[PDB]
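Enquirer: Sharing a structure below in structure tokens format, with a few things to ask.
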Amino acid sequence: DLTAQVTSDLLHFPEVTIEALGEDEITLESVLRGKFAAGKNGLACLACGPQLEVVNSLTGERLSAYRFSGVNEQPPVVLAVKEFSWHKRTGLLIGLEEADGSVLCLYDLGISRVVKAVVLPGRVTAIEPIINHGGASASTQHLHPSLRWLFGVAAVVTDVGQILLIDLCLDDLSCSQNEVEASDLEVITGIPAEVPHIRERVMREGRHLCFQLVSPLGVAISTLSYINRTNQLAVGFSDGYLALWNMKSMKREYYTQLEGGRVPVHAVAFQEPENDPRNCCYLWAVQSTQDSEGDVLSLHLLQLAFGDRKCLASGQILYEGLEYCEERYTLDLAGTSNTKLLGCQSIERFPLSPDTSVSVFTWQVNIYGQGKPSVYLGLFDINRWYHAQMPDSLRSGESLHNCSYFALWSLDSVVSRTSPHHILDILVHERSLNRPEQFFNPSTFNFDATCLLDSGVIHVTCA
Amino acid sequence: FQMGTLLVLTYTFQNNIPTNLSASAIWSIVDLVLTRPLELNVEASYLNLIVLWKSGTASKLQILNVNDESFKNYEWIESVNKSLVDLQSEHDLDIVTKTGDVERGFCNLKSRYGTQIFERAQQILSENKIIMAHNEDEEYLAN
């Protein structure tokens, strides 16, 4: 019965941060959302209505704050936030939902200002940087020639299924615009040739070039992730389908409904095994109804088999030539109760392939007529799953509490300690992950983590 | 620099990577060696091509770093093609070497160059009938 132990007090955000977010009840009915940023700057971001607060992930200190304004005199909602660094600047890409449509912003943390913005032809559901620079360089050779003519590229997806690849025009240093002065896009359907001629005109007209992928419309995209090691954009749909798009060829390489059926794809996470005999790697896909009923939460492990590995001039390894993609593990966490995924995080250590690769899933279960939720952190070890002979599900009788390739931790001490504050996100600290065959079960892994709450941060150790 | 992949037998193109060379491009390949990546200032690396050009007795060493398994993102890394000792001597940046006597300069050059070269040079001198007049023939040392 592995139980996390709390190692700090609750380190509160400053009052000014708490107060600013609590203006949630005017731009209401605004939900406070918060995530640790994926990059290497130790940031966590909280958003409520038009208000963004960037805080220090370990101390709770306020680092940056901004209240977005609406181009159409009505407050936008900060919907999506991603870390993004370019040149020698550190920033965030931000998707704003507006009454009309949407705006994609580039927010500079150095000066706490929006520096670029574009109007989106739809309602954004997710955003993802693809690359932070252009120019002819070994570092962009993995991308389709047409993207290489662009200068920074962000993917943006919408509630009707548009997939947009947008030029961030990071080569234009004369243009400093806020979210109110957003530029229009020039959207070309598919992927053209003669990009430079087009681009030059497009920018003389004060617009950003956008390639919209030829892809069916009508179903909302719910998840979006660029998988660096396979050069694939993963596009998860509200109907349970998952698309993989190769960003070299710009073609959709895979597209199938996950085994949970018509339930939205809520998150993905990539893993690479240490020793696999046919260039297989893995993509977890999480299906969840947490934004509606909250009755279904399931994990789906997709095995992606490729024909080759390629060392790029950059030094990076790339899986190339997708030969098959098939679901090889399924775990139902839910499906009265209410269950929601808090986080989904992959941690890999390299000594070629990582010698350690785990995915961490954190989820919360609320039973109706039960005040305090249970919170779980589960650690899946892909190599121990190999060692266990790749079972496709928990066996009869088998439990997460006693599984050779999965460790289950209770975060209930955190819940007791922090009530009634809500856990918004959980980050495991990669650098802390530390270790008779049973001994190499992941239950013996020690690690530290930080929970992001609505009012601060708090540190835990699992040992 | 074309580079594809071999597999089964099939060769399959990936990309043509040009060179970065100017002054008309008058360098000749001496040797190239494709190999496992180095420890360069860019962690984004998949493969490394070491390249050795020549133009007369002047040489040029470059490393092409390919970032990913697509051969479309890469970066050219140059190097210094003269040693510090040589650059310092050419550009008169040498503050340490003792000045003064003509024989002082003799010791200086002897010690700097090594006997193989110093004697080959003294061989070339006498063949061309250039002979040291006296202890203090500065016109000789110059040569």
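Going by the structure tokens order, chains are called A, B, ..., each with residues numbered from 1, while ligands are numbered from 1 in the order shown.
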Please extract the residues of region 84-257 of chain A with a backbone DSSP assignment of strand (DSSP E) and present them as a PyMOL selection string.
Expert: chain A and resi 84-86+89-97+102-108+113-120+124-131+153-158+163-167+185-189+208-212+221-227+232-237+241-246+252-257
Enquirer: Restricting the output to C-alpha atoms, write the selected residues as a CSV table (one decimal), in the first residue's frame.
Expert:
chain,number,residue,atom,x,y,z
A,84,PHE,CA,7.6,27.9,-26.4
A,85,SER,CA,11.2,29.3,-26.6
A,86,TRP,CA,12.6,31.0,-29.7
A,89,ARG,CA,13.4,34.4,-25.6
A,90,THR,CA,11.2,32.3,-23.4
A,91,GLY,CA,7.5,32.4,-23.9
A,92,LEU,CA,4.1,30.8,-24.1
A,93,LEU,CA,1.8,30.0,-27.0
A,94,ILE,CA,-1.7,30.8,-26.0
A,95,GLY,CA,-5.1,29.9,-27.6
A,96,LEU,CA,-7.8,32.3,-26.7
A,97,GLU,CA,-11.5,31.4,-27.3
A,102,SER,CA,-10.2,32.4,-31.7
A,103,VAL,CA,-6.8,33.9,-31.4
A,104,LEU,CA,-3.4,32.3,-31.2
A,105,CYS,CA,-0.9,34.4,-29.3
A,106,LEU,CA,2.8,34.3,-28.6
A,107,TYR,CA,3.4,35.7,-25.1
A,108,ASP,CA,6.9,36.8,-24.1
A,113,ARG,CA,3.5,41.1,-23.2
A,114,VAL,CA,1.9,39.5,-26.3
A,115,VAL,CA,4.3,39.9,-29.2
A,116,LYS,CA,2.5,38.2,-32.0
A,117,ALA,CA,-1.1,37.2,-32.6
A,118,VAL,CA,-3.3,35.8,-35.3
A,119,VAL,CA,-7.0,35.4,-35.8
A,120,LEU,CA,-8.1,31.8,-36.2
A,124,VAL,CA,-9.5,26.5,-31.0
A,125,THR,CA,-9.5,23.3,-28.9
A,126,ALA,CA,-5.7,22.7,-28.7
A,127,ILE,CA,-2.4,24.0,-29.9
A,128,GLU,CA,1.1,22.5,-30.2
A,129,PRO,CA,4.4,24.0,-31.3
A,130,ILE,CA,6.1,22.0,-34.1
A,131,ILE,CA,9.4,23.9,-34.4
A,153,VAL,CA,5.4,26.6,-36.9
A,154,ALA,CA,2.5,26.0,-34.5
A,155,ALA,CA,-0.2,23.5,-35.1
A,156,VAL,CA,-3.7,24.6,-34.1
A,157,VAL,CA,-6.9,22.4,-34.0
A,158,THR,CA,-10.6,23.3,-33.7
A,163,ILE,CA,-5.9,21.1,-38.5
A,164,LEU,CA,-3.9,24.3,-39.1
A,165,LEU,CA,-0.2,24.7,-39.5
A,166,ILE,CA,0.6,28.3,-38.9
A,167,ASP,CA,3.8,30.3,-39.7
A,185,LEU,CA,-4.3,34.3,-41.8
A,186,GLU,CA,-4.0,33.4,-45.4
A,187,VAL,CA,-5.1,29.8,-45.4
A,188,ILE,CA,-4.1,27.5,-48.3
A,189,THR,CA,-5.8,24.2,-48.4
A,208,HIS,CA,0.5,34.9,-41.7
A,209,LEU,CA,0.6,31.9,-44.0
A,210,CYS,CA,-1.4,28.9,-42.8
A,211,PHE,CA,-1.6,25.5,-44.3
A,212,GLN,CA,-4.9,23.7,-43.5
A,221,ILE,CA,-10.4,17.5,-32.1
A,222,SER,CA,-9.8,17.1,-28.4
A,223,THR,CA,-6.0,16.4,-28.1
A,224,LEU,CA,-2.9,17.4,-30.0
A,225,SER,CA,0.7,16.4,-29.5
A,226,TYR,CA,3.8,16.4,-31.6
A,227,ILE,CA,5.8,13.2,-31.1
A,232,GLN,CA,4.2,12.5,-36.0
A,233,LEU,CA,1.5,14.9,-35.1
A,234,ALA,CA,-1.0,12.9,-32.9
A,235,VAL,CA,-4.5,14.2,-33.3
A,236,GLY,CA,-7.1,12.8,-30.9
A,237,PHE,CA,-10.8,13.3,-31.7
A,241,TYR,CA,-10.4,8.3,-33.2
A,242,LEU,CA,-6.7,9.0,-33.2
A,243,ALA,CA,-4.8,10.2,-36.3
A,244,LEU,CA,-1.0,10.2,-36.8
A,245,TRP,CA,0.3,12.7,-39.4
A,246,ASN,CA,3.8,12.4,-40.6
A,252,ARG,CA,-2.0,10.8,-42.4
A,253,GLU,CA,-0.2,7.6,-41.7
A,254,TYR,CA,-2.7,6.1,-39.3
A,255,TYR,CA,-6.4,6.7,-38.2
A,256,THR,CA,-8.5,4.4,-36.0
A,257,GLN,CA,-11.0,4.4,-33.2
Enquirer: Pull out every residue of chain B that has at least one atom within 6 Å of chain A, counting only C-alpha atoms, and report them as a list in words.
Expert: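 Contact residues on the first chain: residues 44, 45, 46, 47, 65, 66, 67, 68, 69, 70, 71, 72, 73, 74 and 75 of chain B.
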Enquirer: Fewer than 3 positions away in the same chain doesn't count, so skip those; otherwise give me all residues within 7 Å of region 48-60 of chain A, counting only C-alpha atoms, as a ChimeraX atom specification.
Expert: /A:11-13,17,21,24,27,30-33,42-45,63-68,75-78,456-457
Enquirer: Could the residues in this selection be saved with C-alpha atoms as a PDB file, in the first residue's frame?
Expert:
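Full text of out_38.pdb as output:
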ATOM      1  CA  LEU A  11       3.249  27.019  -0.441  1.00  0.00           C
ATOM      2  CA  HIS A  12       0.521  29.530  -1.346  1.00  0.00           C
ATOM      3  CA  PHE A  13       0.432  31.673  -4.464  1.00  0.00           C
ATOM      4  CA  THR A  17      -2.622  35.851  -7.738  1.00  0.00           C
ATOM      5  CA  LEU A  21      -8.061  34.301 -10.480  1.00  0.00           C
ATOM      6  CA  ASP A  24     -13.743  33.927 -12.008  1.00  0.00           C
ATOM      7  CA  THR A  27     -16.391  36.266 -16.492  1.00  0.00           C
ATOM      8  CA  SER A  30     -15.150  30.291 -15.374  1.00  0.00           C
ATOM      9  CA  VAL A  31     -13.340  27.168 -14.336  1.00  0.00           C
ATOM     10  CA  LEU A  32      -9.882  27.655 -12.885  1.00  0.00           C
ATOM     11  CA  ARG A  33      -7.468  25.418 -14.775  1.00  0.00           C
ATOM     12  CA  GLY A  42      10.041  25.343 -14.011  1.00  0.00           C
ATOM     13  CA  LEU A  43       6.723  27.108 -14.763  1.00  0.00           C
ATOM     14  CA  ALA A  44       3.125  26.287 -13.908  1.00  0.00           C
ATOM     15  CA  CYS A  45       0.296  28.242 -15.551  1.00  0.00           C
ATOM     16  CA  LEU A  63       6.442  35.062 -12.271  1.00  0.00           C
ATOM     17  CA  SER A  64       4.173  36.702 -14.790  1.00  0.00           C
ATOM     18  CA  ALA A  65       0.516  37.671 -15.216  1.00  0.00           C
ATOM     19  CA  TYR A  66      -1.651  39.009 -17.999  1.00  0.00           C
ATOM     20  CA  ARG A  67      -5.316  39.765 -18.524  1.00  0.00           C
ATOM     21  CA  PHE A  68      -6.205  39.260 -22.152  1.00  0.00           C
ATOM     22  CA  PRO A  75     -13.401  38.958 -22.573  1.00  0.00           C
ATOM     23  CA  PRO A  76     -11.748  35.962 -24.163  1.00  0.00           C
ATOM     24  CA  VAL A  77     -11.065  32.724 -22.368  1.00  0.00           C
ATOM     25  CA  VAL A  78      -7.569  31.439 -22.083  1.00  0.00           C
ATOM     26  CA  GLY A 456      -0.501  26.970  -4.264  1.00  0.00           C
ATOM     27  CA  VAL A 457       1.939  24.080  -4.656  1.00  0.00           C
TER      28      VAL A 457
END
Enquirer: Between B:120, B:60, B:134, B:54, single out the one closest to residue 103 (chain B), counting only C-alpha atoms.
Expert: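 Looking at the shortest contact to residue 103 (chain B), the residue is B:134.
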Enquirer: Neighbours of residue 27 (chain B) within 9 Å (only C-alpha atoms; same-chain residues fewer than 3 positions away dropped), as number ranges by chain?
Expert: B: 21, 24, 53-56, 59-60
Enquirer: Which is closer to residue 430 (chain A) than all the others in A:453, A:358, A:411, A:322, using only C-alpha atoms?
Expert: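 Result for the nearest residue to residue 430 (chain A): A:358.
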